[PDB]
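What follows is a single structure, written as structure tokens, with notes after it.
Readers should treat all values here as calculations from the given coordinates under stated rules, not as data from a laboratory. Cβ: placed from backbone, ideal geometry, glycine included. Neighbour counts: every protein chain shown.
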């Protein structure tokens, strides 16, 4: 089942999660540094200090990509490595590291997708209020510029924020991601800030790098009614999607926020300055997609609590019939079902006029163990990626969604946030003692896919 001509196959990693060395060669402190280093935040007290040591081992790592022959890499710039005071004096040690990584990538032929922002706000900007200050739009833009003027020439394909929802709700609503606040307003304000920040981010992209792609990356798990016969659930399943992901895409593609979110969030949800709307409307060149899983959604009798950020629905694993979304993975929430991946890709398409789409993250986590043969036999993770690269073809072929590339989360096992090291998403195993790298079975498996350009 061969794919379109030039379909990009990639792997994605992200600064904080693999680099290690959060402070070296002039780097500032990140909000993730702060948070992981506080009691209570992260599974076994894990932090991002060492991690994958990728900081020391990027040559080896890019090489692990080369052998695998994977046409593209998505990776972050760490903000406090480029601007430790967040603003003003730019660190050259920072650039040194990245411009290297890039140059290498291009030398060996791998395509670079850079994420301008993957969750590490400079503690410096956090002290000032962080992603809550309206001033983030200035900051963010300021930063983007430094990156465009240093990397623009060599890096064609840009992603502004990664998964803003996560930034917003886990970070100011439920308090489980950094900075860990728990408002019932702040998520919405922060969401809004990111979109104008995205806006200012992109206007300057369009002024400085008039030859490249740029977009936001949004996660979102597809939904299924809990009782299909009940129109309440079929509405709920769609409403949920709106709160999950239309929250950022409707402004981007359509001008405003979802009517459902407005109906419910009232004045907690900012209005757009027309000067704002001009920045945000049609401001991504492609739709960047992160996708993992799906749920059955049941409606709710009671009205919504102020605390709510989901759209007053029950998020489930079993529907009325007693059927179940799919089986277990290491991640207790993430159950596989590739129907949901197809379905989601269609949902987007119909809703945003068939944009070009990069699936900038797909992946699964199981409890991998190195076998006595030294190989890492992760059958279940092959199985996963089969089903989903499966569904993605169907979407492309039949429903005619214009997918354009697909990255695996992740090349390496990493620091998986509040969850620490306890969870492996790698196509490549990493024993954190020796920082040895064993290409997991599914790494060679994805190799075949890439090479053959489709599923055998």
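Provide the FRET efficiency to the nearest 0.05 for the residue 254-residue 56 pair, computing r from the beta carbons and using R0 = 41 Å. Each step should come with its number before you reach the end.
Numbers: r = 45 Å, r/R0 = 1.10.
E between residue 254 and residue 56, to the nearest 0.05, is 0.35.
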Open item on the list: Cβ neighbours within 10 Å, averaged per peptide: list 392-402, 37-47 in order, most packed at the top.
Closed with: 392-402, 37-47
Open item on the list: Taking the Cα centroid of the range 367-401 and of the range 224-260, what is the distance between the two, rounded to the nearest whole Å?
Closed with: 28 Å
TODO: Out of all DSSP beta bridges with both ends in the chain, state the antiparallel percent to the nearest 5.
DONE: 20 percent
Open item on the list: What is the distance in Å between the Cα centroid of the range 297-361 and that of the range 1-41?
Closed with: 25 Å
Open item on the list: Counting only helical runs of four or more DSSP H residues, what would the 222 nm mean residue ellipticity of the chain come to if each run contributes -39,500 (n - 2.57) and the total is spread over all its residues?
Closed with: -11500 deg cm²/dmol
TODO: Take the Cα coordinates of the range 96-202, assign each an equal point scatterer, and use the Debye formula without solvent to give log10 I(q)/I(0) at q = 0.20 Å⁻¹.
DONE: -0.99
Task: Relative exposure of 248, 366, judged by other C-beta atoms within 10 Å (fewest first) - done: 366, 248
- [ ] Could you list 436, 213 in order of exposure, starting from the residue whose Cβ has the fewest other Cβ atoms within 10 Å?
- [x] 436, 213
Task: Overall form of the range 224-307 per C-alpha gyration tensor (a/c, 1.5; a/b vs b/c) - done: oblate
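Just order 154-162, 262-270 by mean Cβ neighbour count inside 10 Å, highest at the front, would you?
Descending packing order for the listed peptides: 154-162, 262-270.
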TODO: Kindly identify the range 16-124 as rounded, prolate or oblate by the Cα gyration tensor criterion: order the square roots of the eigenvalues as a ≥ b ≥ c, call it rounded if a/c is under 1.5, otherwise compare a/b with b/c, prolate if a/b is larger, else oblate.
DONE: oblate
Task: Ascending count of other beta-carbon atoms within 10 Å, so fewest first, for 324, 52, 337 - done: 324, 337, 52
Open item on the list: When a/c reaches 1.5 or more, the comparison of a/b and b/c decides; with that in mind, is the chain rounded, prolate or oblate per its Cα gyration tensor?
Closed with: rounded
